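# the data below comprise the sequence and an experimental structure of the protein.
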Amino acid sequence: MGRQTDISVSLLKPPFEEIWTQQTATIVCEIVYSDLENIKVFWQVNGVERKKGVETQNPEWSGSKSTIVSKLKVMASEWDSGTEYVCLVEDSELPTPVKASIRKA
(Lines give C-alpha, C1' and ligand atoms only; values in the text may rest on other atoms or scores of the structure.)
Protein backbone atom coordinates (compact mmCIF):
# COMPACT_ATOMS: atom_id res chain seq x y z
CA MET A 1 0.00 0.00 0.00
CA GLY A 2 1.40 3.33 -1.11
CA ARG A 3 4.95 4.55 -1.69
CA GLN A 4 4.88 4.90 -5.46
CA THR A 5 7.48 7.58 -5.02
CA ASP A 6 10.68 6.21 -3.76
CA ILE A 7 13.13 8.99 -4.20
CA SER A 8 16.43 8.19 -2.58
CA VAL A 9 19.13 10.85 -2.53
CA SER A 10 22.54 9.71 -1.29
CA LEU A 11 25.60 11.93 -1.54
CA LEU A 12 29.08 10.42 -1.59
CA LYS A 13 31.87 12.60 -0.19
CA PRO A 14 35.54 12.46 -1.28
CA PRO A 15 38.12 10.41 0.67
CA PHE A 16 40.73 12.33 2.64
CA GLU A 17 44.43 12.07 3.44
CA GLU A 18 44.48 10.85 7.03
CA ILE A 19 43.45 13.15 9.85
CA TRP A 20 43.32 16.44 7.97
CA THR A 21 41.00 17.09 5.05
CA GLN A 22 42.69 18.05 1.77
CA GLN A 23 41.90 16.03 -1.34
CA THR A 24 39.42 16.16 -4.20
CA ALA A 25 38.03 13.05 -5.86
CA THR A 26 34.29 13.49 -6.43
CA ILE A 27 31.17 15.06 -4.97
CA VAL A 28 28.38 12.73 -5.94
CA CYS A 29 24.62 12.65 -5.82
CA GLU A 30 23.09 9.23 -6.31
CA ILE A 31 19.34 9.26 -6.79
CA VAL A 32 17.02 6.30 -6.95
CA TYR A 33 13.54 6.64 -8.43
CA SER A 34 11.01 4.87 -10.61
CA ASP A 35 8.04 5.81 -12.83
CA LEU A 36 9.45 9.31 -13.34
CA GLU A 37 9.91 11.48 -16.39
CA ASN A 38 13.28 12.69 -17.55
CA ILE A 39 14.80 14.14 -14.47
CA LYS A 40 16.67 17.43 -14.26
CA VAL A 41 19.73 17.36 -11.97
CA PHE A 42 20.91 20.45 -10.08
CA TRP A 43 23.90 21.28 -7.87
CA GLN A 44 24.39 24.50 -5.92
CA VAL A 45 27.76 25.65 -4.57
CA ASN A 46 27.62 28.67 -2.24
CA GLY A 47 24.44 29.76 -3.97
CA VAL A 48 26.33 29.73 -7.27
CA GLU A 49 25.55 27.30 -10.10
CA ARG A 50 28.64 25.23 -10.78
CA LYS A 51 30.71 24.98 -13.95
CA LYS A 52 30.91 21.68 -15.84
CA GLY A 53 32.68 18.87 -14.10
CA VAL A 54 29.22 17.92 -13.11
CA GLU A 55 28.43 14.68 -14.87
CA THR A 56 25.20 12.76 -14.76
CA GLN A 57 25.74 9.12 -15.66
CA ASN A 58 23.36 7.18 -17.89
CA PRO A 59 20.41 5.67 -15.99
CA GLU A 60 21.00 2.38 -14.20
CA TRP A 61 18.20 -0.17 -14.19
CA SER A 62 17.63 -2.58 -11.32
CA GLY A 63 14.28 -4.35 -11.32
CA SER A 64 11.73 -1.61 -11.82
CA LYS A 65 13.90 0.94 -10.05
CA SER A 66 16.08 3.44 -11.83
CA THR A 67 19.30 4.95 -10.53
CA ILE A 68 20.84 8.20 -11.68
CA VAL A 69 24.23 9.26 -10.36
CA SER A 70 25.96 12.59 -10.75
CA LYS A 71 29.57 13.29 -9.87
CA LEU A 72 31.04 16.74 -9.35
CA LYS A 73 34.67 17.53 -10.06
CA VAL A 74 35.61 20.21 -7.56
CA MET A 75 38.60 21.93 -6.01
CA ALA A 76 39.80 20.32 -2.77
CA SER A 77 40.39 23.71 -1.08
CA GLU A 78 36.79 24.65 -1.90
CA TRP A 79 35.56 21.45 -0.34
CA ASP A 80 37.92 21.87 2.64
CA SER A 81 36.65 25.43 3.01
CA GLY A 82 33.36 23.91 4.11
CA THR A 83 31.79 25.09 0.90
CA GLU A 84 28.26 23.87 0.33
CA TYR A 85 27.52 21.22 -2.22
CA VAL A 86 23.89 20.32 -2.57
CA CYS A 87 22.01 18.18 -5.01
CA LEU A 88 18.51 19.02 -6.12
CA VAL A 89 16.32 16.91 -8.36
CA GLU A 90 13.60 18.37 -10.54
CA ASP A 91 10.92 16.36 -12.31
CA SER A 92 7.55 17.17 -13.83
CA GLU A 93 5.91 14.37 -11.80
CA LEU A 94 7.27 15.74 -8.53
CA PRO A 95 5.24 18.08 -6.29
CA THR A 96 8.30 19.92 -5.02
CA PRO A 97 12.06 19.80 -5.78
CA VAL A 98 14.15 17.54 -3.59
CA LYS A 99 17.43 18.68 -2.07
CA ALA A 100 20.39 17.39 -0.07
CA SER A 101 23.55 19.11 0.87
CA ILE A 102 26.92 17.68 1.93
CA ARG A 103 29.12 18.81 4.81
CA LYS A 104 32.86 18.38 5.25
CA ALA A 105 33.25 15.75 7.95
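That came through, no problem. Numbers count the residues shown, from 1 in each chain.
# which stretches in this structure count as helices?
76-80 (DSSP state H).
# quick one, strands of it?
Ranges of strands in the chain, per DSSP state E, are 8-12, 27-33, 40-45, 48-49, 54-62, 65-72, 85-90, 98-102.
# which of those sits most buried?
strand 27-33 (a mean of 21; mean count of other Cβ atoms under 10 Å). In short, each C-beta sits where N, CA and C put it, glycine included.
# by contact count, what packs against it?
Here strand 27-33 touches strand 8-12, strand 40-45, strand 65-72, strand 85-90, going by 3 or more Cβ pairs under 8 Å, 6 or more residues apart in numbering; DSSP states H and E.
# re earlier: any chance of the strands of the chain in CSV, with distance to residue 78 too?
Listed next are those as CSV, based on distance: least, Cβ to Cβ, whole Å:
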stretch, distance to residue 78
strand 8-12, 16
strand 27-33, 10
strand 40-45, 7
strand 48-49, 11
strand 54-62, 14
strand 65-72, 10
strand 85-90, 9
strand 98-102, 12
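# residue 40 contacts residue 94, correct?
No: using Cβ atoms under 8 Å, residue 40 makes no contact with residue 94, being 9.9 Å away.
# so which residue is dead centre in the chain?
residue 29 (2.0 Å; Cα atoms, centre = their mean).
# distance of that one relative to residue 37?
18 Å (Cβ to Cβ, to the nearest Å).
# so who does the residue lying closest to residue 61 once chain neighbours are set aside touch?
Counting by Cβ to Cβ, 6 or more residues apart in numbering, residue 67 is the residue found nearest to residue 61 once chain neighbours are left out, at 7.7 Å. By Cβ atoms under 8 Å, 6 or more residues apart in numbering, residue 67 lies in contact with 30, 31, 32, 59, 60, 61.
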